């Protein structure tokens, strides 16, 4: 029944993208998170502490592959989101694949209460998308004129975001290779709404104790089976897993 996993293959620069390729067509919502062994998403309020040697490799790759990075407004402020920096070689590979040189950032907010003075609009090569509700879209649009394209992502209720709508709105703009890196609330809603296609999860070899929240938070409770596509490791005992929805 049980099989021992072992390192059978060293990954170099180029086999790595293959492992994390998006499907050749269709919208694909990929999440990339890190957590402790005991499910803590945070250490001292952020994720960067737990980050593996591999983790920044993988984190960067997934960004390189994404058409858009979708992020909750909470993570933007907390993780200090600025523009998606692509290095010269990253830009090259993106252009080679026919994508823009830098992935778009898309910020999800139900409230739309994004300060014009927010950090996220400032140090960036590209104006973010703001994914919000039909209700607040117009005001948000005017308030953020010149700083962000504001997109209504309501489905039926104009006062909330419909996550499948959100996904289709991004697809609608050719941003079908979607990466989300947080936060837990956002991820929680993707999970609740069953629109998460893939979870790339770094499991950091730490226990952090009970204080930390999980990589998903919120009222959602589901039981979505996923298929383990791969587990990578490094010498530091990290697991870089990639699971795709059944």
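We call the rigid core the largest set of C-alpha positions that still match within 1.5 Å between the two forms. Numbering follows the first chain given and starts at 1.
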Worksheet item: Quick one: with the core lined up, is it 195 to 203 or 46 to 54 that wanders further in 6 other deposited structures of this protein, going by C-alpha RMS?
Response: 46 to 54
Item to complete: Output the stretch, either 117 to 125 or 103 to 111, that has more C-alpha displacement from this form in 6 other deposited structures of this protein following superposition by the rigid core.
Response: 117 to 125
Worksheet entry | Cross-entry absence of residue 144, a third or more of other PDB entries | no
Worksheet item: Of the other PDB entries compared that resolve residues on either side of residue 162, does at least a third omit it?
Response: no
Discussion item. So, looking at the entry's B-factor column for Cα atoms, which has the higher mean, 89 to 97 or 159 to 167?
Written reply: 89 to 97
Practice prompt. Using the B-factors recorded in the PDB entry, average over the C-alpha atoms of 76 to 84 and of 98 to 106, then report which stretch comes out higher.
Written response: 76 to 84
Worksheet, complete the sentence: In this crystal structure's PDB entry, the residue among 71, 131, 127, 175 with the greatest CA B factor is 127
Fill in: Among modelled residues of the same chain, the CA temperature factor third for residue 218
middle
Response to the item:
Sorting the chain's modelled residues by C-alpha B-factor and splitting them into thirds places residue 209 in the middle
Fill in: Among modelled residues of the same chain, the CA temperature factor third for residue 12
highest
Practice prompt. Pull the Cα B-factor of residue 39 out of the PDB entry and bin it into the chain's lowest, middle or highest third.
Written response: lowest
Worksheet entry | residue 188, C-alpha B-factor rank within chain (lowest, middle or highest third) | lowest
